[PDB]
Amino acid sequence: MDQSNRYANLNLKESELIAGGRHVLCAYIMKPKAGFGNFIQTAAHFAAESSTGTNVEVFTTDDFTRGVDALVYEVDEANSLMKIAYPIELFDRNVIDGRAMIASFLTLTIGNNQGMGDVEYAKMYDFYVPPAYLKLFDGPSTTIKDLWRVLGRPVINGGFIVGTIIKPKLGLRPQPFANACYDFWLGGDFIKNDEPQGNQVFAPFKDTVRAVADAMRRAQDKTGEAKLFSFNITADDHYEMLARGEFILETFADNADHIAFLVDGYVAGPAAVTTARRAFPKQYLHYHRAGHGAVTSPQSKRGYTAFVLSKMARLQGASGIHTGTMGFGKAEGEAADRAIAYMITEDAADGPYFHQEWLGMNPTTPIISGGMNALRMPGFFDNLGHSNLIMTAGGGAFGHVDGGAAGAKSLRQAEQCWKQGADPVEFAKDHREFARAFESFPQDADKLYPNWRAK
Amino acid sequence: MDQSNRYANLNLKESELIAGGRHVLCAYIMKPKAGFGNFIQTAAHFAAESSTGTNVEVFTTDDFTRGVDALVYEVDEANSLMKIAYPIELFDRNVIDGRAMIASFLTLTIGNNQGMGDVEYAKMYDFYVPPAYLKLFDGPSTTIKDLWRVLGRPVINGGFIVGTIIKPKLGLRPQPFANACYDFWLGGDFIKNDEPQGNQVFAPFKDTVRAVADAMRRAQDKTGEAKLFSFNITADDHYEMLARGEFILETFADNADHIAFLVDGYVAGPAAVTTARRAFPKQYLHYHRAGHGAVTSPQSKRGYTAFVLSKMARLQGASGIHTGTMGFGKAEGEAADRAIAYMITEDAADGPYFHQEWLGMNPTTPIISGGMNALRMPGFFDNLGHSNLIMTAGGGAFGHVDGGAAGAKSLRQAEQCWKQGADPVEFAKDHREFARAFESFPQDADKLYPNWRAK
Amino acid sequence: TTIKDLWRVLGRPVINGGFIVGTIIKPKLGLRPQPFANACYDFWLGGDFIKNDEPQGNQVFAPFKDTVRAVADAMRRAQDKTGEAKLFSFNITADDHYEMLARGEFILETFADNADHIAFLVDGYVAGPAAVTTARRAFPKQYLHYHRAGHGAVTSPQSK
Ligand SMILES: O=C(O)[C@@](O)(COP(=O)(O)O)[C@H](O)[C@H](O)COP(=O)(O)O
Ligand SMILES: O=C(O)[C@@](O)(COP(=O)(O)O)[C@H](O)[C@H](O)COP(=O)(O)O
Ligand SMILES: [Mg+2]
Ligand SMILES: [Mg+2]
Ligand SMILES: [Mg+2]
């Protein structure tokens with residue numbers, strides 16, 4: 001069935017659709033499967049399955065329904081581009097508070113359209129949210145300002161937060177775990193749970209939370225500096241997430257504002273993210289995206305990009321989200337991913353297809369992680385342009401030859417080097433912990449700074 | 001770094017790992033990216049990033065950690081096959097009730113390993129859950145038996161539940177919506193909300209719920225038969241899901257056991273599914289999988305298959321899940337997908353790589369939906385072998401030329417034809433609503449039953 | 001929840017899993033927390049299931065939380081010693097619905113990875129159907145053990 005006359009209107013102007021403020025706009029890279037309809041026919045069926053229709057005519061359709069159809073307004077077949085306009089009335093709203101839900105956005109814009117038999121593939125690269133819909137999202141309640149304030153840093157451009165992940169990923173019992181925390185905190189600021197750490201039989205949650213709280217008090221007494229921890233509170237059960245969060249805040253007591261809550265938002269879903277955002281709005285919500293690579297990888301021609309994932313996370317209310325190392329670490333990622341960081345931190349920014357005004361919605365911190373170490377950091381910051389962020393180096397800190405404290409100091413020193421505009425090899429001559437990161441990761445040192453041993 | 005000596009043990013026997021009952025097993029189709037390590041080296045790093053390690057050595061590792069490492073125990077590079085054994089102690093458990101969480105299973109087995117820079121792709125095709133871990137999952141609390149009991153059908157092999165989806169997908173205001181419900185219920189059993197229908201500004205939730213309750217009462221009075229509705233209660237906010245569910249049960253009153261709750265489990269996540277399973281265990285939980293195609297499509301070489309998604313949904317507690325049309329409808333799917341239906345309904349079944357014993361865990365109904373209609377149903381049932389399920393046909397019912405009631409009756413008659421072993425064209429001579437489905441979908445009739453017009 | 005869920009925990013077939021060997025901790029009242037837990041451990045070296053005697057709860061000489069913790073320790077030690085799963089049925093009966101919840105929630109959290117080895121005992125005849133329903137609806141994944149103390153006042157054939 002050809003539904004192009006109903007679901008396609010290529011005479012609509014994007015600038016008028018934006019100015020109108022009545023439509024969500026999505027841009028997709030799509031390819032029709034061979035043997036079905038042409039590009040516009042396939043894009044029109046895609047619009048129908050993403051708004052008001054199905055694959056056949058139904059006699060219950062009225063003119064009111066036709067008015068809320070999603071419309072294909074722009075195509076570019078040689079570049080596989082399809083842009084659709086979604087009337088904002090289509091999106092579901094809470095009965096309890098009239099607010100928006102990202103689950104409805106996902107259901108319509110990247111839901112059943114991902115299982116179409118006549119489409120080879122379709123992936124969302126950008127979306128535009130107008131003011132009338134944007135303002136109905138939670139947005140972040142806590143930001144990096146609240147971490148800077150706890151550290152005694154300026155709340156405007158407070159700078160780089162030196163972090164790590166406790167490694168091994170799993171296996172440390174409660175006291176060995178808190179001993180590694182204490183060691184890192186002698187030189188660093190922030191520690192996060194590795195994403196799966198929680199209530200394993202060999203490291204029960206309550207025993208680890210108590211041991212970590214004791215290690216925070218001892219490290220603050222020893223250094224005279226505030227320390228931060230991001231606990232994993234992810235669970236299927238909403239009530240388990242509440243039980244974990246409430247226990248941590250009570251246990252940390254006068255250090256309760258030093259606590260961030262980590263949620264595995266991609267695998268547990270938006271429902272888990274919203275549970276922590278709404279139950280604990282005064283605690284920094286750390287969005288961990290484990291599993292995202294199944295769709296965001298450039299190897300995938302389906303689902304949505306990491307740029308789209310990150311933009312949605314700001315609307316959901318993440319205080320920070322992992323944006324990757326932009327090609328400087330161990331994971332998939334490119335230098336151009338710096339545009340993701342600007343979209344989640346600025347009040348106005350450009351996406352690959354759509355500019356976005358955030359109307360004062362709070363920023364989401366880019367959390368940098370994945371095979372980072374002291375040696376790889378100057379190149380990373382040169383590409384991004386600032387260090388007003390959190391960087392967590394698990395292997396980079398606990399793989400440092402002189403220990404966790406020296407590991408932490410090598411990361412502190414690497415950002416000082418970049419901030420001072422110094423040559424890393426020349427800088428290392430007067431900074432031992434940074435110099436010893438060359439001997440800890442010699443394969444990286446040989447690649448990045450060829451004659452480092454002679455100097 | 002080569003981690004194959006630690007994370008690979010190809011001398012482990014799969015039959016001994018199963019007999020031991022101490023490991024979750026996962027089977028993946030993986031391809032290393034060119035220029036990094038070979039197959040076993042890449043599989044070992046993949047196991048490290050999915051359990052206890054990272055991409056470099058860390059000095060916090062102890063022998064206790066090494067004992068809980070995930071291990072590559074079987075490879076077949078010619079078929080791109082990788083099998084990993086996960087010690088069950090790795091998986092997170094609830095502090096409140098000691099039960100398992102699928103978010104932890106997902107985080108470890110298909111989490112960060114999907115963003116590996118040295119892997120071209122990796123997709124999970126099957127998993128094995130031993131008794132010690134299986135018994136910690138919720139499993140389904142309500143089944144098709146409970147629906148059959150409300151319908152006055154036998155609770156053992158009660159038969160085919162004639163279903164539809166209200167179409168248009170969005171656009172009907174509350175009374176037109178309830179009028180389409182009433183019309184369908186004059187000849188059918190079950191109606192579900194189309195996945196995005198909820199609380200749109202043009203069809204407020206409470207007005208729609210009240211209008212549908214009135215239509216249920218009127219259809220039951222007119223026909224003398226029980227009628228069922230599956231309402232979408234999906235939301236980001238846990239408290240919105242509760243508010244929707246509580247309002248529906250109170251409104252339906254003496255018809256409250258005729259209500260199923262629909263959750264968009266793939267986009268809202270396991271957290272939303274668990275909210276409905278634990279808050280409303282006496283209401284049939286309908287798992288809608290909109291968006292799954294981004295990873296489950298055979299065009300994707302990442303994430304996991306629809307077989308894996310369905311198997312996880314039974315552990316999560318879905319009373320039913322959409323299993324697709326197995327190549328007989330409009331979506332991607334194949335005849336071999338009948339094995340998904342057997343895995344979720346039987347007490348013992350074979351997956352593509354692992355045999356699974358369910359230890360009396362309740363079955364999950366296969367919900368059949370996606371471009372189905374009366375004409376396509378006999379072929380669908382011939383491939384599956386039974387009709388003890390719910391089939392929903394939106395376009396197939398509301399696209400019937402004589403209306404929703406005739407649409408419903410054509411679906412009822414199509415399964416009666418299959419059950420009687422009759423020839424569909426000969427059967428249509430004595431069954432008008434079924435015969436009129438040929439005239440409603442003539443392109444389908446021409447392909448499936450060539451000289452139908454002459455007879 | 002049914003006997004299937006107890007058979008599954010014991011490693012028995014879920015269909016016709018057979019006899020569950022049980023006892024009641026005696027004295028009916030009087031054992032302090034550690035003597036109570038010592039009798040649990042001793043029985044579990046040869047048996048499967050233990051239930052609270054119907055009035056045992058939070059007596060001043062055997063506070064509930066101390067007894068629950070001592071029994072959880074005895075369950076862990078008996079399971080380690082025998083290599084077999086052990087079951088306990090705790091009395092959570094109370095006039096106050098919120099007391100029943102407080103008892104049940106504390107037990108599941110304390111037993112942790114052994115939380116599916118727990119049954120909840122309710123004195124359904126004296127506390128009434130309201131107490132039975134509190135346990136059934138609040139803890140549907142825990143075996144609900146209905147104790148009928150007092151029933152004999154009407155059920156006895158001596159009663160007409
Ligand atoms: O488990 C890990 O691998 C990490 O803790 C990094 O540890 P290492 O520092 O030792 O590499 C992070 O979870 C990943 O960076 C997540 O990837 P991403 O940030 O892209 O979402
Ligand atoms: O919106 C739709 O497209 C449907 O209502 C089918 O309606 P029609 O009968 O008119 O086609 C279902 O949601 C899809 O089948 C879900 O996909 P799946 O079952 O594969 O999960
Ligand atoms: Mg991690
Ligand atoms: Mg639908
Ligand atoms: Mg007694």
# chains A, B, ... in the order shown; residues from 1 in each chain; ligands from 1

call {"tool": "interface_residues", "arguments": {"of": "chain A", "to": "chain C", "cutoff": "12 Å", "atoms": "only C-alpha atoms", "output": "PDB file with N, CA, C and O atoms, in the first residue's frame"}}
result
ATOM      1  N   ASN A 199      25.488  -5.808  45.411  1.00  0.00           N
ATOM      2  CA  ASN A 199      25.234  -6.702  46.522  1.00  0.00           C
ATOM      3  C   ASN A 199      25.576  -8.144  46.149  1.00  0.00           C
ATOM      4  O   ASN A 199      24.786  -9.060  46.374  1.00  0.00           O
ATOM      5  N   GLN A 200      26.781  -8.361  45.666  1.00  0.00           N
ATOM      6  CA  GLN A 200      27.236  -9.707  45.346  1.00  0.00           C
ATOM      7  C   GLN A 200      27.430 -10.485  46.650  1.00  0.00           C
ATOM      8  O   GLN A 200      27.688  -9.881  47.691  1.00  0.00           O
ATOM      9  N   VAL A 201      27.285 -11.808  46.603  1.00  0.00           N
ATOM     10  CA  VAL A 201      27.383 -12.646  47.818  1.00  0.00           C
ATOM     11  C   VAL A 201      28.746 -12.495  48.542  1.00  0.00           C
ATOM     12  O   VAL A 201      28.793 -12.606  49.763  1.00  0.00           O
ATOM     13  N   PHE A 202      29.816 -12.198  47.804  1.00  0.00           N
ATOM     14  CA  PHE A 202      31.170 -12.032  48.371  1.00  0.00           C
ATOM     15  C   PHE A 202      31.452 -10.582  48.803  1.00  0.00           C
ATOM     16  O   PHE A 202      32.461 -10.331  49.443  1.00  0.00           O
ATOM     17  N   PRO A 204      28.698  -8.059  50.168  1.00  0.00           N
ATOM     18  CA  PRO A 204      27.349  -7.553  50.462  1.00  0.00           C
ATOM     19  C   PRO A 204      27.314  -6.025  50.510  1.00  0.00           C
ATOM     20  O   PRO A 204      28.254  -5.372  50.985  1.00  0.00           O
ATOM     21  N   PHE A 205      26.260  -5.476  49.934  1.00  0.00           N
ATOM     22  CA  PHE A 205      26.047  -4.040  49.782  1.00  0.00           C
ATOM     23  C   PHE A 205      26.249  -3.261  51.072  1.00  0.00           C
ATOM     24  O   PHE A 205      27.020  -2.310  51.079  1.00  0.00           O
ATOM     25  N   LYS A 206      25.562  -3.649  52.148  1.00  0.00           N
ATOM     26  CA  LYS A 206      25.637  -2.877  53.397  1.00  0.00           C
ATOM     27  C   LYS A 206      27.058  -2.890  54.015  1.00  0.00           C
ATOM     28  O   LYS A 206      27.503  -1.905  54.567  1.00  0.00           O
ATOM     29  N   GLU A 240      14.001  -1.525  45.619  1.00  0.00           N
ATOM     30  CA  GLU A 240      15.385  -1.895  45.911  1.00  0.00           C
ATOM     31  C   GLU A 240      16.292  -0.663  45.674  1.00  0.00           C
ATOM     32  O   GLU A 240      17.211  -0.419  46.464  1.00  0.00           O
ATOM     33  N   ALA A 243      15.756   1.535  48.648  1.00  0.00           N
ATOM     34  CA  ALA A 243      16.390   0.949  49.823  1.00  0.00           C
ATOM     35  C   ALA A 243      17.905   1.178  49.809  1.00  0.00           C
ATOM     36  O   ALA A 243      18.472   1.507  50.845  1.00  0.00           O
ATOM     37  N   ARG A 244      18.554   1.012  48.645  1.00  0.00           N
ATOM     38  CA  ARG A 244      20.010   1.222  48.524  1.00  0.00           C
ATOM     39  C   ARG A 244      20.386   2.678  48.763  1.00  0.00           C
ATOM     40  O   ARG A 244      21.271   2.940  49.571  1.00  0.00           O
TER      41      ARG A 244
END

call {"tool": "interface_residues", "arguments": {"of": "chain A", "to": "chain B", "cutoff": "6 Å", "atoms": "only C-alpha atoms", "output": "PyMOL selection string"}}
result
chain A and resi 52-53+56-58+61+65+92-93+101+103+110-112+114-117+168-171+198-200+236-237+267-272+274+290-291+293-294+302-303+330-332+395+398-399

call {"tool": "select_by_dssp", "arguments": {"residues": "range 61-116 of chain C", "states": "strand (DSSP E or B)", "output": "PDB file with C-alpha atoms, in the first residue's frame"}}
result
ATOM      1  CA  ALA C  62      13.817 -13.672  73.198  1.00  0.00           C
ATOM      2  CA  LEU C  87      13.968 -23.956  55.546  1.00  0.00           C
ATOM      3  CA  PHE C  88      12.479 -21.842  58.371  1.00  0.00           C
ATOM      4  CA  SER C  89       8.851 -20.714  58.898  1.00  0.00           C
ATOM      5  CA  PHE C  90       8.746 -17.509  61.026  1.00  0.00           C
ATOM      6  CA  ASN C  91       5.732 -16.350  62.987  1.00  0.00           C
TER       7      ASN C  91
END

call {"tool": "residues_near_ligand", "arguments": {"ligand": "ligand 5", "cutoff": "9 Å", "atoms": "only C-alpha atoms and all ligand atoms", "output": "list in words"}}
result
residues 24, 25, 26, 28, 51, 52, 53, 54, 55, 147 and 149 of chain C

call {"tool": "residues_around", "arguments": {"residues": "residue 74 in chain B", "least_positions_apart": "2", "cutoff": "10 Å", "atoms": "only C-alpha atoms", "output": "ChimeraX atom specification"}}
result
/B:8-14,27,40,43,71-72,76-77,81-85

call {"tool": "select_by_dssp", "arguments": {"residues": "range 88-151 of chain A", "states": "helix (DSSP H, G or I)", "output": "tab-separated table (two decimals) with N, CA and C atoms, in the first residue's frame"}}
result
chain	number	residue	atom	x	y	z
A	88	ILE	N	3.38	17.39	18.48
A	88	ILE	CA	3.68	17.16	19.90
A	88	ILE	C	2.50	16.54	20.70
A	89	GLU	N	1.26	16.66	20.20
A	89	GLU	CA	0.07	16.06	20.81
A	89	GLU	C	0.13	14.51	20.84
A	90	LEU	N	0.94	13.90	19.97
A	90	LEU	CA	1.09	12.44	19.94
A	90	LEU	C	1.74	11.87	21.22
A	102	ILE	N	10.16	10.10	28.38
A	102	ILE	CA	11.02	9.72	27.26
A	102	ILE	C	10.58	8.36	26.68
A	103	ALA	N	9.94	7.48	27.48
A	103	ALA	CA	9.46	6.18	26.95
A	103	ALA	C	8.49	6.37	25.77
A	104	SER	N	7.64	7.41	25.81
A	104	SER	CA	6.69	7.70	24.72
A	104	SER	C	7.43	8.20	23.49
A	105	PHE	N	8.42	9.11	23.68
A	105	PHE	CA	9.28	9.62	22.60
A	105	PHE	C	9.93	8.43	21.88
A	106	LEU	N	10.54	7.50	22.67
A	106	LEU	CA	11.20	6.31	22.13
A	106	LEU	C	10.23	5.40	21.41
A	107	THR	N	9.07	5.12	22.04
A	107	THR	CA	8.06	4.23	21.48
A	107	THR	C	7.64	4.67	20.08
A	108	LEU	N	7.39	5.95	19.91
A	108	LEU	CA	6.92	6.45	18.63
A	108	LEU	C	8.06	6.64	17.60
A	109	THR	N	9.13	7.33	18.00
A	109	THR	CA	10.19	7.70	17.07
A	109	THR	C	11.19	6.59	16.75
A	112	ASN	N	8.41	0.45	16.92
A	112	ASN	CA	8.03	-0.56	15.93
A	112	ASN	C	8.64	-0.32	14.57
A	113	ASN	N	9.00	0.93	14.25
A	113	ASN	CA	9.64	1.21	12.97
A	113	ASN	C	10.98	0.44	12.80
A	114	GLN	N	11.59	-0.07	13.91
A	114	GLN	CA	12.82	-0.85	13.88
A	114	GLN	C	12.62	-2.33	13.49
A	115	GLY	N	11.36	-2.78	13.36
A	115	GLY	CA	11.05	-4.15	12.95
A	115	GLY	C	10.32	-4.24	11.63
A	131	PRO	N	10.03	24.28	22.46
A	131	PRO	CA	9.81	24.71	23.86
A	131	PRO	C	8.60	24.07	24.57
A	132	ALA	N	7.44	23.97	23.91
A	132	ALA	CA	6.23	23.44	24.52
A	132	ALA	C	6.40	21.99	24.99
A	133	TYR	N	7.30	21.22	24.36
A	133	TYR	CA	7.54	19.85	24.76
A	133	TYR	C	8.77	19.78	25.70
A	134	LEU	N	9.86	20.49	25.35
A	134	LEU	CA	11.08	20.56	26.16
A	134	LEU	C	10.81	20.87	27.64
A	144	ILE	N	27.46	19.47	38.14
A	144	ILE	CA	28.86	19.49	38.58
A	144	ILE	C	29.10	20.65	39.59
A	145	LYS	N	28.31	21.76	39.52
A	145	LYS	CA	28.40	22.87	40.50
A	145	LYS	C	28.32	22.35	41.93
A	146	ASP	N	27.42	21.40	42.16
A	146	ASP	CA	27.17	20.80	43.48
A	146	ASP	C	28.35	19.91	43.92
A	147	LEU	N	29.11	19.33	42.98
A	147	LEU	CA	30.32	18.58	43.31
A	147	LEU	C	31.47	19.56	43.57
A	148	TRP	N	31.63	20.58	42.70
A	148	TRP	CA	32.62	21.65	42.91
A	148	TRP	C	32.43	22.31	44.28
A	149	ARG	N	31.19	22.64	44.64
A	149	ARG	CA	30.90	23.26	45.94
A	149	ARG	C	31.37	22.36	47.11
A	150	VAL	N	31.10	21.06	47.03
A	150	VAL	CA	31.53	20.10	48.07
A	150	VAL	C	33.09	20.03	48.13
A	151	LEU	N	33.77	20.11	46.97
A	151	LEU	CA	35.24	20.09	46.93
A	151	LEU	C	35.89	21.42	47.34

call {"tool": "residues_around", "arguments": {"residues": "range 155-161 of chain B", "least_positions_apart": "5", "cutoff": "12 Å", "atoms": "only C-alpha atoms", "output": "tab-separated table (two decimals) with C-alpha atoms, in the first residue's frame"}}
result
chain	number	residue	atom	x	y	z
B	143	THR	CA	-0.80	-16.74	32.74
B	144	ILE	CA	-3.23	-17.43	29.83
B	145	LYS	CA	-5.06	-19.84	32.31
B	146	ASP	CA	-6.36	-16.83	34.21
B	147	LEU	CA	-7.61	-15.30	30.89
B	148	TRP	CA	-9.22	-18.62	29.84
B	149	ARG	CA	-10.90	-18.84	33.32
B	150	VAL	CA	-12.42	-15.31	32.89
B	185	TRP	CA	-16.12	-7.11	21.23
B	187	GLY	CA	-17.36	-10.84	17.73
B	188	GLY	CA	-14.02	-11.06	19.64
B	189	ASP	CA	-12.40	-11.59	23.05
B	190	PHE	CA	-9.43	-9.31	23.66
B	191	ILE	CA	-8.43	-5.70	22.86
B	226	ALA	CA	-16.72	-11.98	28.94
B	227	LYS	CA	-14.47	-9.41	27.25
B	228	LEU	CA	-10.81	-8.50	27.95
B	229	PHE	CA	-8.79	-5.24	27.66
B	365	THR	CA	2.12	-16.71	26.38
B	366	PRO	CA	3.33	-16.04	22.81
B	367	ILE	CA	1.36	-13.00	21.72
B	368	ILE	CA	1.11	-13.06	17.89
B	377	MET	CA	-3.65	-17.33	10.10
B	381	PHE	CA	-0.82	-22.11	12.93
B	386	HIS	CA	-1.09	-25.02	18.33
B	387	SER	CA	-3.52	-22.11	18.90
B	388	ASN	CA	-3.28	-21.83	22.72
B	389	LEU	CA	-2.35	-18.17	22.44
B	390	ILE	CA	-3.50	-14.55	21.92
B	391	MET	CA	-3.38	-13.20	18.32
B	392	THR	CA	-3.98	-9.40	17.82
B	393	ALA	CA	-4.95	-8.07	14.38
B	408	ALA	CA	-13.27	-10.17	14.80
B	409	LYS	CA	-15.48	-13.02	13.45
B	411	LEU	CA	-10.25	-14.18	12.86
B	412	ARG	CA	-12.43	-16.56	14.96
B	413	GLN	CA	-13.46	-18.40	11.78
B	414	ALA	CA	-9.85	-18.58	10.42
B	415	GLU	CA	-8.67	-20.50	13.53
B	416	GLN	CA	-11.79	-22.78	13.39
B	418	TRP	CA	-7.27	-24.49	10.86
B	419	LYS	CA	-8.59	-26.56	13.85

call {"tool": "closest_residue", "arguments": {"among": "B:22, B:30, B:46, B:35", "to": "ligand 1", "atoms": "only C-alpha atoms and all ligand atoms"}}
result
B:46

call {"tool": "residues_around", "arguments": {"residues": "range 280-282 of chain B", "least_positions_apart": "3", "cutoff": "8 Å", "atoms": "only C-alpha atoms", "output": "list in words"}}
result
residues 141, 142, 245, 276, 277 and 285 of chain B

call {"tool": "residues_around", "arguments": {"residues": "residue 405 in chain A", "least_positions_apart": "6", "cutoff": "6 Å", "atoms": "only C-alpha atoms", "output": "short mmCIF file (atom, residue, chain, number, x, y, z; two decimals) with N, CA, C and O atoms, in the first residue's frame"}}
result
data_model
loop_
_atom_site.label_atom_id
_atom_site.label_comp_id
_atom_site.auth_asym_id
_atom_site.auth_seq_id
_atom_site.Cartn_x
_atom_site.Cartn_y
_atom_site.Cartn_z
N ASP A 183 43.25 4.49 49.35
CA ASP A 183 44.51 4.72 48.61
C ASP A 183 44.34 5.73 47.49
O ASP A 183 45.11 6.68 47.40
N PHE A 184 43.30 5.56 46.64
CA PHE A 184 43.06 6.50 45.56
C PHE A 184 42.74 7.91 46.09
O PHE A 184 43.23 8.89 45.54
N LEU A 186 43.81 9.45 48.62
CA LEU A 186 44.97 10.21 49.09
C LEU A 186 45.50 11.18 47.99
O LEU A 186 46.13 12.17 48.32
N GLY A 187 45.23 10.88 46.72
CA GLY A 187 45.60 11.74 45.61
C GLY A 187 44.48 12.22 44.70
O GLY A 187 44.72 13.10 43.88
#

call {"tool": "residues_around", "arguments": {"residues": "residue 24 in chain A", "least_positions_apart": "4", "cutoff": "8 Å", "atoms": "only C-alpha atoms", "output": "number ranges by chain"}}
result
A: 85-88, 127-130

call {"tool": "atom_distance", "arguments": {"atom1": "CA of residue 452 in chain B", "atom2": "CA of residue 425 in chain B"}}
result
6.3 Å
